[PDB]
Amino acid sequence: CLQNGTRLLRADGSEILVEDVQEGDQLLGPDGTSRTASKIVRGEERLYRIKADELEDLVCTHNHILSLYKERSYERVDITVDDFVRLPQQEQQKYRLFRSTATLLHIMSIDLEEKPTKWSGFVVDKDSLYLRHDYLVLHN
């Protein structure tokens with residue numbers, strides 16, 4: 001469940017707003033093969049902004065699942081936004097967002113927004129992973 005305005009990659013490569021994703025739309029997965037979106041949902045609530053370096057922030061709901069990498073090379077970890085929020089900061093520093101091109105990105109901040117915001121979400125088939133416009137790997 002992402003903030004409205006987030007741009008995802010379609011199966012061809014072109015962009016699409018997350019609020020415009022409809023039932024059966026073809027998104028792009030991290031392995032290059034296609035993805036089918038279903039069970040579109042909308043809402044409005046105070047979201048979490050994840051500030052990473054270089055890349056545009058990731059604004060999502062508290063129950064959103066992050067696909068991250070953890071140190072000690074790296075191991076693949078899926079963790080919800082709430083649990084990651086409650087993690088100690090020295091533990092949070094061991095996690096990395098990642099994109100498909102094998103680039104790692106440090107999570108530098110994560111905070112609750114001041115005002116509510118419209119958000120859209122869906123579910124994805126296969127490995128249930130899809131790609132943001134900047135090729136950031138996102139989960140259901």
# chains A, B, ... in the order shown; residues from 1 in each chain; ligands from 1
call {"tool": "residues_around", "arguments": {"residues": "residue 56 of chain A", "least_positions_apart": "5", "cutoff": "10 Å", "atoms": "only C-alpha atoms", "output": "list in words"}}
result
residues 6, 50, 51, 134 and 136 of chain A
call {"tool": "residues_around", "arguments": {"residues": "residue 16 of chain A", "least_positions_apart": "5", "cutoff": "9 Å", "atoms": "only C-alpha atoms", "output": "compact mmCIF listing (two decimals) with C-alpha atoms, in the first residue's frame"}}
result
# COMPACT_ATOMS: atom_id res chain seq x y z
CA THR A 6 4.13 6.72 -6.54
CA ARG A 7 5.19 5.67 -10.04
CA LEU A 8 5.56 1.95 -10.81
CA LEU A 9 6.88 0.20 -13.91
CA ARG A 10 4.45 -1.55 -16.23
CA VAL A 21 -3.35 0.52 -11.23
CA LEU A 27 3.45 -4.61 -13.71
CA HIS A 133 9.98 3.66 -11.49
call {"tool": "closest_atom_pairs", "arguments": {"of": "segment 8-55 of chain A", "to": "segment 91-103 of chain A", "cutoff": "12 Å", "atoms": "only C-alpha atoms", "output": "JSON lines"}}
result
{"residue": "A:28", "atom": "CA", "partner": "A:100", "partner_atom": "CA", "distance": 10.9}
{"residue": "A:29", "atom": "CA", "partner": "A:100", "partner_atom": "CA", "distance": 9.2}
{"residue": "A:30", "atom": "CA", "partner": "A:100", "partner_atom": "CA", "distance": 5.8}
{"residue": "A:31", "atom": "CA", "partner": "A:100", "partner_atom": "CA", "distance": 7.8}
{"residue": "A:32", "atom": "CA", "partner": "A:100", "partner_atom": "CA", "distance": 9.1}
{"residue": "A:50", "atom": "CA", "partner": "A:97", "partner_atom": "CA", "distance": 10.2}
{"residue": "A:51", "atom": "CA", "partner": "A:97", "partner_atom": "CA", "distance": 10.7}
{"residue": "A:52", "atom": "CA", "partner": "A:97", "partner_atom": "CA", "distance": 8.1}
{"residue": "A:53", "atom": "CA", "partner": "A:97", "partner_atom": "CA", "distance": 10.2}
{"residue": "A:54", "atom": "CA", "partner": "A:97", "partner_atom": "CA", "distance": 11.9}
{"residue": "A:55", "atom": "CA", "partner": "A:97", "partner_atom": "CA", "distance": 10.3}
call {"tool": "write_last_selection", "arguments": {"atoms": "C-alpha atoms", "output": "PDB file, in the first residue's frame"}}
result
ATOM      1  CA  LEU A  28       7.164  -5.410 -13.863  1.00  0.00           C
ATOM      2  CA  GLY A  29       8.862  -7.778 -11.445  1.00  0.00           C
ATOM      3  CA  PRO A  30      12.488  -7.709 -10.290  1.00  0.00           C
ATOM      4  CA  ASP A  31      13.389 -10.640 -12.586  1.00  0.00           C
ATOM      5  CA  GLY A  32      12.081  -8.922 -15.727  1.00  0.00           C
ATOM      6  CA  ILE A  50      11.197   6.227   4.498  1.00  0.00           C
ATOM      7  CA  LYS A  51      14.106   8.523   3.617  1.00  0.00           C
ATOM      8  CA  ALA A  52      16.823   6.667   1.722  1.00  0.00           C
ATOM      9  CA  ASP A  53      19.884   8.272   0.183  1.00  0.00           C
ATOM     10  CA  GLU A  54      19.947   9.397  -3.465  1.00  0.00           C
ATOM     11  CA  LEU A  55      16.582   7.825  -4.286  1.00  0.00           C
TER      12      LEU A  55
END
call {"tool": "residues_around", "arguments": {"residues": "segment 39-49 of chain A", "least_positions_apart": "6", "cutoff": "6 Å", "atoms": "only C-alpha atoms", "output": "MDAnalysis selection string"}}
result
chainID A and resid 58:61 110:113 115:122
call {"tool": "write_last_selection", "arguments": {"atoms": "C-alpha atoms", "output": "CSV table (one decimal), in the first residue's frame"}}
result
chain,number,residue,atom,x,y,z
A,58,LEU,CA,9.2,5.6,0.0
A,59,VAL,CA,5.8,6.6,1.5
A,60,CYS,CA,3.7,3.6,2.5
A,61,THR,CA,1.3,2.3,5.1
A,110,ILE,CA,11.7,6.6,8.7
A,111,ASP,CA,9.0,8.8,10.2
A,112,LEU,CA,5.2,9.1,10.5
A,113,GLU,CA,3.8,11.9,8.3
A,115,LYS,CA,-1.1,14.8,8.0
A,116,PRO,CA,-3.2,11.9,6.5
A,117,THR,CA,-2.8,11.0,2.8
A,118,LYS,CA,-4.6,9.0,0.2
A,119,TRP,CA,-3.0,5.6,-0.6
A,120,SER,CA,-3.5,2.8,-3.0
A,121,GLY,CA,-2.6,-0.9,-2.9
A,122,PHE,CA,-3.0,-4.3,-4.5
call {"tool": "select_by_dssp", "arguments": {"residues": "chain A", "states": "helix (DSSP H, G or I)", "output": "list in words"}}
result
residues 18, 19, 20, 81, 82, 83, 84, 85, 86, 89, 90, 91 and 92 of chain A
call {"tool": "atom_distance", "arguments": {"atom1": "atom CA of residue 123 of chain A", "atom2": "atom CA of residue 73 of chain A"}}
result
29.8 Å
call {"tool": "closest_residue", "arguments": {"among": "A:139, A:82, A:4, A:24", "to": "residue 127 of chain A", "atoms": "only C-alpha atoms"}}
result
A:139
call {"tool": "closest_residue", "arguments": {"among": "A:68, A:1, A:18, A:37", "to": "residue 105 of chain A", "atoms": "only C-alpha atoms"}}
result
A:68
call {"tool": "closest_residue", "arguments": {"among": "A:22, A:3, A:38, A:80", "to": "residue 66 of chain A", "atoms": "only C-alpha atoms"}}
result
A:80
call {"tool": "atom_distance", "arguments": {"atom1": "atom CA of residue 65 of chain A", "atom2": "atom CA of residue 81 of chain A"}}
result
6.0 Å
call {"tool": "atom_distance", "arguments": {"atom1": "atom CA of residue 126 of chain A", "atom2": "atom CA of residue 36 of chain A"}}
result
8.6 Å
call {"tool": "select_by_dssp", "arguments": {"residues": "chain A", "states": "strand (DSSP E or B)", "output": "PyMOL selection string"}}
result
chain A and resi 2-3+7-10+15-17+26-28+34-45+48-52+58-60+65-70+75-80+95-99+103-112+117-124+129-132+136-139
call {"tool": "write_last_selection", "arguments": {"atoms": "C-alpha atoms", "output": "PDB file, in the first residue's frame"}}
result
ATOM      1  CA  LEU A   2       1.819   3.064  -1.346  1.00  0.00           C
ATOM      2  CA  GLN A   3       1.095   6.786  -1.277  1.00  0.00           C
ATOM      3  CA  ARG A   7       5.190   5.669 -10.040  1.00  0.00           C
ATOM      4  CA  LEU A   8       5.559   1.950 -10.805  1.00  0.00           C
ATOM      5  CA  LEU A   9       6.877   0.199 -13.910  1.00  0.00           C
ATOM      6  CA  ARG A  10       4.452  -1.549 -16.227  1.00  0.00           C
ATOM      7  CA  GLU A  15       5.368   4.218 -15.872  1.00  0.00           C
ATOM      8  CA  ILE A  16       1.982   4.134 -14.158  1.00  0.00           C
ATOM      9  CA  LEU A  17       0.682   5.858 -11.039  1.00  0.00           C
ATOM     10  CA  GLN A  26       0.614  -5.815 -15.936  1.00  0.00           C
ATOM     11  CA  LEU A  27       3.452  -4.608 -13.707  1.00  0.00           C
ATOM     12  CA  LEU A  28       7.164  -5.410 -13.863  1.00  0.00           C
ATOM     13  CA  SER A  34       5.483  -9.860 -15.878  1.00  0.00           C
ATOM     14  CA  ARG A  35       3.240  -9.419 -12.827  1.00  0.00           C
ATOM     15  CA  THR A  36      -0.551  -9.279 -12.516  1.00  0.00           C
ATOM     16  CA  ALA A  37      -2.137  -6.881 -10.028  1.00  0.00           C
ATOM     17  CA  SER A  38      -5.432  -7.701  -8.328  1.00  0.00           C
ATOM     18  CA  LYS A  39      -7.600  -6.773  -5.333  1.00  0.00           C
ATOM     19  CA  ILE A  40      -7.149  -3.034  -5.724  1.00  0.00           C
ATOM     20  CA  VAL A  41      -7.700  -1.129  -2.470  1.00  0.00           C
ATOM     21  CA  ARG A  42      -7.763   2.564  -1.565  1.00  0.00           C
ATOM     22  CA  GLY A  43      -7.708   4.497   1.676  1.00  0.00           C
ATOM     23  CA  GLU A  44      -6.576   7.627   3.476  1.00  0.00           C
ATOM     24  CA  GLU A  45      -4.372   7.672   6.574  1.00  0.00           C
ATOM     25  CA  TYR A  48       5.268   6.440   6.889  1.00  0.00           C
ATOM     26  CA  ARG A  49       7.965   8.210   4.875  1.00  0.00           C
ATOM     27  CA  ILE A  50      11.197   6.227   4.498  1.00  0.00           C
ATOM     28  CA  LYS A  51      14.106   8.523   3.617  1.00  0.00           C
ATOM     29  CA  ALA A  52      16.823   6.667   1.722  1.00  0.00           C
ATOM     30  CA  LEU A  58       9.180   5.634  -0.014  1.00  0.00           C
ATOM     31  CA  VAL A  59       5.795   6.572   1.474  1.00  0.00           C
ATOM     32  CA  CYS A  60       3.681   3.583   2.481  1.00  0.00           C
ATOM     33  CA  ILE A  65       6.079  -5.087   3.810  1.00  0.00           C
ATOM     34  CA  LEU A  66       9.642  -4.026   2.994  1.00  0.00           C
ATOM     35  CA  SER A  67      11.946  -6.351   1.048  1.00  0.00           C
ATOM     36  CA  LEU A  68      15.348  -5.530   2.562  1.00  0.00           C
ATOM     37  CA  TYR A  69      18.864  -6.930   2.869  1.00  0.00           C
ATOM     38  CA  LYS A  70      20.508  -7.465   6.249  1.00  0.00           C
ATOM     39  CA  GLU A  75      20.650 -12.057   3.715  1.00  0.00           C
ATOM     40  CA  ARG A  76      17.177 -11.441   2.292  1.00  0.00           C
ATOM     41  CA  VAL A  77      14.591 -10.251   4.846  1.00  0.00           C
ATOM     42  CA  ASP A  78      10.922  -9.297   4.515  1.00  0.00           C
ATOM     43  CA  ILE A  79       9.780  -7.122   7.433  1.00  0.00           C
ATOM     44  CA  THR A  80       6.711  -4.954   7.932  1.00  0.00           C
ATOM     45  CA  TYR A  95      19.184  -3.104   6.665  1.00  0.00           C
ATOM     46  CA  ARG A  96      19.255  -2.066   3.018  1.00  0.00           C
ATOM     47  CA  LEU A  97      16.653  -1.364   0.405  1.00  0.00           C
ATOM     48  CA  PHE A  98      17.646  -2.716  -2.986  1.00  0.00           C
ATOM     49  CA  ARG A  99      16.965  -2.273  -6.689  1.00  0.00           C
ATOM     50  CA  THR A 103      22.530  -2.252  -5.770  1.00  0.00           C
ATOM     51  CA  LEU A 104      22.135  -1.721  -2.019  1.00  0.00           C
ATOM     52  CA  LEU A 105      20.711   1.466  -0.492  1.00  0.00           C
ATOM     53  CA  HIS A 106      20.942   2.547   3.141  1.00  0.00           C
ATOM     54  CA  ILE A 107      17.757   3.402   5.021  1.00  0.00           C
ATOM     55  CA  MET A 108      18.621   6.696   6.714  1.00  0.00           C
ATOM     56  CA  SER A 109      15.282   7.756   8.186  1.00  0.00           C
ATOM     57  CA  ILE A 110      11.702   6.595   8.692  1.00  0.00           C
ATOM     58  CA  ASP A 111       9.007   8.813  10.205  1.00  0.00           C
ATOM     59  CA  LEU A 112       5.233   9.108  10.485  1.00  0.00           C
ATOM     60  CA  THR A 117      -2.824  11.011   2.843  1.00  0.00           C
ATOM     61  CA  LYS A 118      -4.601   9.013   0.154  1.00  0.00           C
ATOM     62  CA  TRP A 119      -2.987   5.637  -0.550  1.00  0.00           C
ATOM     63  CA  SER A 120      -3.533   2.799  -3.016  1.00  0.00           C
ATOM     64  CA  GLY A 121      -2.581  -0.864  -2.875  1.00  0.00           C
ATOM     65  CA  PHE A 122      -2.964  -4.266  -4.507  1.00  0.00           C
ATOM     66  CA  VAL A 123      -1.613  -7.819  -4.493  1.00  0.00           C
ATOM     67  CA  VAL A 124       0.828  -9.309  -7.002  1.00  0.00           C
ATOM     68  CA  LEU A 129       7.534  -8.459  -5.972  1.00  0.00           C
ATOM     69  CA  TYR A 130       7.301  -5.539  -8.384  1.00  0.00           C
ATOM     70  CA  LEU A 131       9.372  -2.539  -9.418  1.00  0.00           C
ATOM     71  CA  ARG A 132       9.097   1.174  -8.747  1.00  0.00           C
ATOM     72  CA  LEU A 136      13.255  -0.203  -6.329  1.00  0.00           C
ATOM     73  CA  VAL A 137      11.987  -3.665  -5.394  1.00  0.00           C
ATOM     74  CA  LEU A 138       8.603  -3.489  -3.645  1.00  0.00           C
ATOM     75  CA  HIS A 139       6.477  -6.139  -1.941  1.00  0.00           C
TER      76      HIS A 139
END
